[PDB]
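For clarity, chains are labelled A, B, C, D, E, F, G, H, I, J, K, L, M and N in written order, and residue numbers in each chain start from 1.
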Amino acid sequence: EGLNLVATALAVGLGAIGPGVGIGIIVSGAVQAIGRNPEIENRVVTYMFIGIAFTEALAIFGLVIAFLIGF
Amino acid sequence: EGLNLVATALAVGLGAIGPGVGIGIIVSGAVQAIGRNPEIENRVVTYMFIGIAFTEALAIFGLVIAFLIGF
Amino acid sequence: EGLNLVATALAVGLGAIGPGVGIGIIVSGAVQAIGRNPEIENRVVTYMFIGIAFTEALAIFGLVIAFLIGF
Amino acid sequence: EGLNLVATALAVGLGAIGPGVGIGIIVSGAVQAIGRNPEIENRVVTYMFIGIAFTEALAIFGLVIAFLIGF
Amino acid sequence: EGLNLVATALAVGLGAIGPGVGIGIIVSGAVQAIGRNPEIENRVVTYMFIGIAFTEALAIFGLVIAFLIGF
Amino acid sequence: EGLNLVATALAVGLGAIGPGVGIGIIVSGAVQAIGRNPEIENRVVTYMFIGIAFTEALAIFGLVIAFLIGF
Amino acid sequence: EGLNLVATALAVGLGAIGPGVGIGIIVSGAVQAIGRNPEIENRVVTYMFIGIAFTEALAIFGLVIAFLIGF
Amino acid sequence: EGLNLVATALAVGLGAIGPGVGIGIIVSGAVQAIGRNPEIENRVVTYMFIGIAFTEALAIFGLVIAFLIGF
Amino acid sequence: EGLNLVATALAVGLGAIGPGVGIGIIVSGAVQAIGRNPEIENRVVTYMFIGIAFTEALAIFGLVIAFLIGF
Amino acid sequence: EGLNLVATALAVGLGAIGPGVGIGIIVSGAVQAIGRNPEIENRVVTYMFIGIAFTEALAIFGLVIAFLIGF
Amino acid sequence: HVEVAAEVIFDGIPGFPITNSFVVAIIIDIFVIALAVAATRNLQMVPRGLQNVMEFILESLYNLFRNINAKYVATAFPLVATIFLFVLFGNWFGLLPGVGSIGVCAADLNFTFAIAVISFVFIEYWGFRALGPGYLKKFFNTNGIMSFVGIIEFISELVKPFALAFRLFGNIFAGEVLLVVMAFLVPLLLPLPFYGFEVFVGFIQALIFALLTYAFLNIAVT
Amino acid sequence: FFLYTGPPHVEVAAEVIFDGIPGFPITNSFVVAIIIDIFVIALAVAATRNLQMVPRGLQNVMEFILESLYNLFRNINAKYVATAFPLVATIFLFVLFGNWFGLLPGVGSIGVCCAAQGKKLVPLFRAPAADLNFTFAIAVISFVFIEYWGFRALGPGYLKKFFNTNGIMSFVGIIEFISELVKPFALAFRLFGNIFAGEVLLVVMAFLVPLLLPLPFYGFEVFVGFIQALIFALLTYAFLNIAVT
Amino acid sequence: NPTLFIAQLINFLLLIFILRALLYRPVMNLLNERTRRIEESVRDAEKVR
Amino acid sequence: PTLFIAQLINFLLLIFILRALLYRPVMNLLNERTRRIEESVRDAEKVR
C-alpha cells in the first residue's frame, strides 16, 4: 500500500537523528579531554568507544527495524 | 493494514532518539571529568555504567514495545 | 481502525525521549561534581537518585498509558 | 475509532518530554553548583525543589488531559 | 468525530517541551550565579521569577487554548 | 469540520515555545554576567527586556493568528 | 476545506521557534560579552541589532508568507 | 486543493527552523569572541559575514522553493 | 492530490534544517579559538571550511532529491 | 500515489538532520582543542575524521535506504 | 466518573444565583477578615503568630519590592499588597476545603481579566508618569530602525497583563481538574501529595503574579 | 565525467546462496568466510616465514598490527590480556577481511551465472560481514566468552553484579542483565547492518553516475569497516572488563 | 539457516583456534622475545658498567 | 553484466588513488618499524 515505505523512512530518520548529536558531543568531549591532557588520552579514548558503540547500536536497531518491515 | 508497521517504526524511533543523545551526554561529561581528574575513574566509570544502564533501560523499553507490536 | 498500536508506540517512544537526555544531563553534572568533590557522594548521589526517580517515574507513567492500551 | 487513545498518547508524550528534560536540567544546574561549592547547598536544594515543582506542574498539565479524554 | 479530541491533545501537549527546557535553564543559570556569587541572591531570584512569569505564561497559552478548543 | 480546530491547536502548540527556551537561555546569560560582574547593571537589563520582547513577539503572533483563524 | 488553515498554522508555528531561540542565544552571548568587558559595549550594540535583524528577517519570512496563505 | 498551500508552509517553516538557531549561535560566538579581545574585529566580522551568507543561502533555497511551488 | 508537492517541501526543509545549526556552532568555536590566539589563523580557516562543506553536501542531497521529484 | 515519495523525502531529510548537526559539534570541539593545546593536532585530525566518518555513515545509511524507497 | 465543568461567567453581567466564584471570593474575604481581627485586637508589642504573619508577609514583600525597585515599591505598594493576601487565599479555600464543588443542588476568566485590567491601569497611571512620553520612547522614534519592534514590545506589554490573567485562571483551574480526576480514579489525592503539590503551586503562582506585577512596574519605570 | 552508459539497473537482496548444498548446506557467505579464513591463514604463514627475527619483509607489518592490538587490549585491562588476546585477535583481521573484498571488481556481481536470464545466477560472493548468520554467531560466541570469563573470575561477582548490586530497595541488576543481553544482539545487528549497508550503497549509488560517486563511497565504506572491526574487537574486551570490574 | 549459522560458527572457531595456536602464539612470542632481549640487553649493559 | 565493469572501473580508480595517497607514509612507517627492530638488535650486540 506504500505505508510500509513510510514506516521504514520514519524509522531510519528517527534512528539517524537520535545518535547524530550524540556521537557529535561524544567525540567533542573526547577531543576536549585529550587537549586538557595528552597523558591519559589513551584511557579516555578507550572509554569513549563504548559510548559510541551504544549509540551506534541504537541506530542499528532503528535501521534493522526498517529492513525487517521491508521483509 | 500497515498501521502496525508505522507503529513499530514510531515506537523504536521515538524510544531510541532519547537514549542516543542521552548516551552522548553521559559519556561526554564522563570524559571531561576523567581528563580533568582520572584518579577517581574507578567511581566515575561506575557512575557512567549505572547511568548508561538507566538510559538503556528506556532504550530497551522502547525496543521491547516495538518488538511486541511487531508480534 | 488499529490506532491503539500507533498510540502505544508514540506514547512509549515520545515519553521515553525526555528522561533519556534528562538522565544524561544529570549524570553529566554529577560526574563533573565528583571530578571536583568526590567524598560528597553521600549527598550528591542522593540528589542524583532523587532526580533519577522523578525521570523514570514520568517515563513509567508513560508506560502505564502503554498498558492502558492493553486494558 | 481509537483516535481518542491516540490523543491521549500524543498528549502524554508531549507532556512527558518537556518536564522530563526540564527536571534533568534542574538537577544538572543544582549539581554543578554543589560541586562548585557544597556550602550553599540549602539554598540550592530549595531552588531545585521550586524548579522541580514547576516541572511537575507542567507534567500534570500534560497528564490530566490523558484521563480527561477518557472521560 | 475525535479530531477535536486529538486537536485538544495537540494544543495541550505542544508548547510544553520549550517551556520545560526554559524552566530548566532559568534555575540552572540562577543557581550557577548564586553559587558563583551569593551576595546577589535577591537579584538573581527576581530575575529568575521574571523568567518564570514568561515561560509559565507560554505554558498557559498552550493550556488555555487546550480548554477553549475543548469547549 | 474540526480540521480548523486541529490547525489552531498545532499553531498555538508551537506558537508559545519560542520565548519558552528563549527566556530560559536569556536569563541564564543575564544572571551569569551579573555574578561575573555585579557592578554593571541596567544595561544588561535593558538588553534583557529588549531580547524578551523580541522573543515573545513571535509567541504573540502565533496566538493572535490562532485567534483569527478560530473566530 | 481547512487545509489552508493548516498551512497558516504550519507557517506561523514552524520557522518561529528557530529564530525565537536564536534571538535568545544572541542576546545572552552579548550579555556575558559585555559583562566580562563593558568597554566593548558599543561594538556589542552594533552587532546585536544586526544579528537580531537577520533572525527577525527569517521570522518575517515565516509570517508574511502565512499572511499570503490567508490572502 | 490545498496540498500545495500546506506544502509551501512546511517548506518555509522547515527552511527557517535551521538557519534561525544557526545565526543565533553565529552571533553569540562572534560577540563573545570579540568581547574577549579587540584588534581581531575585522577578522571576526569577515567570519560573521561568511556565516550569515552560508545560513541565508539555505534560507533563500527554502524561500525560492516555496516561491516556485507558489506558481 | 499533490503528494509530490508536500514531498518536495518536506525534503527541502528537513535537508536545509541541519547545516544552519551546524555552521553556527562550527564557526562559533573557531572564532572563539582565534580570539583566544590568532596564531592558528589560516590553519583554523582550513579546518573550518572543509567541515562546513561536509554539511553543504547534505544540503545538496536535500535540494537534489526534491529536484528529482520536481522534474 | 506519492506517499512513497513522501517517505523518500522524510527519510532523506530526517537522516540528514542528525549527522548535519552532529559534525558541527565535532569540528567545533576540534577547533576548540586547536585553540587550547594544538600539540594534539594529529590526534584531533584523526579523531574528528573518524567521528565524522561515523556521521556520514549514518547519513549514507539514510540516503541509500531513501534511494531504495525511490527504487 | 469525571464531572468537572467550567465556571466561566460575565463580570459585566449581573451575578448569577449560584455565583460559585463570588461565593468563593466571599469565603476567602471572610477568612482573611477573621485572621485580621484575630491579629489586630489581640496584638502585643512582640506578638507570636498574629504579628508573625504581618512581619513575614507584608514586611518581607515590602523589603523585596524595595530591593527590586526602591521608591517605586512605596508608590505601588497597594497594588502588590492587593495582589498578595488574595488569589492564593481563594485557591486555598478552593483547594477542596470541605466542599470541592460537591453537594451542590481565581479560576474565573472574568475575574482574572479584571485583575489584569487593574494591572494595566496601574501601568497607564503610574508607569511613565515620571516621563509622560515614556510610552512613546524607543517606539518608531528617530532610531526606529533599531526600535521597529518597540511598538511590538508595547503590544507584548499590553499582552503581558492578559497573559498574567491567563496564568491566574490557568494552573488554578488545572489544580481543580487534577483533583477531580483523582476523585474519579485513585481518590485521596494520589500516591504523591497531590493536595500539597496543588497548594504549593497555587502559592507559587500567587507570588509569581505579585512579582510579575512589580517587575512590569519596574520595566515601565525604565 | 559524463557517464553516458553503464547505469543498467540496481538489484539488492538480504543474502546470497552458493552451491555444494547436496553434500552439506552451503551458502555464498560460507564460501566468502572460507576464502577470508584461507587468506588469513596464508598471511599468517607468510608472516611467520622463517620467523628468525627477520625485520620488515612484510611480516613486520603483521607483527606491528598484532603489537598495537596487544597494547590496546593491555590498556583496556590486564586480568585477561593474555588468555583473551587470541579471542580478540580472531575478530581482528577477520572482520577486517570481511570488510575487505567488498570493493573487488564485481564483488556484488561475482558468481552471477548474466542479466539476460538470471535463472539460477545466485551471486556466490555474499560478503561474510554482509550476512546475519556470521555476525550472530560471532556475537553469541563473544557473549558466551564474556559470561564464562566473568563466572570464572568472580562467579559470585557476576551474580552479585545484578542480584546483589543493591539488594535493599531496587538494584542495578535486571536492567544491567537486560542491557548485557541486548549487547550481544546489538553487536550481532551492528555487523549485520554494517558491510550490508556498504554493499547496498555500492550498488544503488553507483547505479546512477558510476564515475567518482562510488569512489569516495567505497573509501568511506572501507574506513567504516575497519573502524567497525576495531570497535567490535575493543568492545568485546570492554564488556569482559566491565564484567570483571 | 540455523544449521548454516552453526556451521559458520564452527568454521570460525576452528580457524580462530588454529590461528591462536600457530600465528598469534608465535607472533606474540616473537615480539615478546625481541622486547625482552632488548631489556635484558640493557641489563647486560648495566652489568658491563 | 555492466555492473561488473563499473565495479572494476571504480576499484581501479580507488586503487590508483590509494597507491599515491598514503602508500609512501605506510612505507615510511614500515621502514621505521624495521629500523626500531634493527636498533634493538644493534643495542643488544653493543651491550653484550
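The rule is simple: a residue touches a chain if its C-beta (ideal position, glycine included) is under 8 Å from a C-beta of that chain, and two chains touch if they have at least 3 such contacts.
Could you tell me which chain lies farthest from chain F when each chain's centre is the average position of its Cα atoms?
The chain lying farthest from chain F is M.
Taking contacts as defined above, which has more of them, B-L or A-J?
Between the two chain pairs, A-J has more contacting C-beta pairs.
Take the average of all CA coordinates in chain F, do the same for chain I, and state the distance between these two points in whole angstrom.
The mean C-alpha positions of chain F and chain I differ by 27 Å.
How many angstrom lie between the CA centroids of chain D and chain I, rounded to a whole number?
Inter-chain centre distance comes to 34 Å.
Rounded to a whole Å, what is the gap between the Cα centroids of chain E and chain M?
Roughly 62 Å separates the two chain centres.
Just give me the whole-number Å value for how far the CA centre of chain K lies from that of chain L.
It comes to 65 Å between the two C-alpha centres.
Pull out every residue in chain D that's touching 2 or more other chains.
Counting only residues that touch two or more other chains, chain D contributes 1, 3, 6, 8, 10, 12-14, 17-26, 28-30, 32, 34, 36, 48, 50, 54, 56, 61, 68.
Among the residues of chain M, which ones contact at least 2 other chains?
In chain M, 34 touch at least two other chains.
In chain K, which residues are in touch with two or more of the other chains?
Residues 149, 171, 174.
Provide the residue numbers of chain F that touch chain G in the complex, in ascending order.
1, 3-4, 6-8, 10-11, 13-15, 17-19, 21-26, 28-30, 32-34, 36-37, 40, 43-44, 47-48, 50-51, 54-55, 58-59, 61-62, 65-66, 69
Which part of chain A faces chain L closely enough to touch in the complex?
42-43, 46, 49-50, 52-54, 56-57, 60-61, 63-64, 67, 71
Note which residues of chain A are touching chain J in the complex, please.
2-3, 5-6, 8-10, 12-14, 16-32, 34-36, 38, 41, 45, 52, 56, 59, 63, 66, 70
Residues of chain K touching chain D in their complex?
Listed in rising order, the residues of chain K that touch chain D are 1-2, 4, 171, 174, 177-178, 181, 184-185, 197, 200-201, 204.
Can you check the complex and tell me which residues of chain N touch chain M?
Against chain M, the touching part of chain N is residues 37, 40, 43-44, 46-48.
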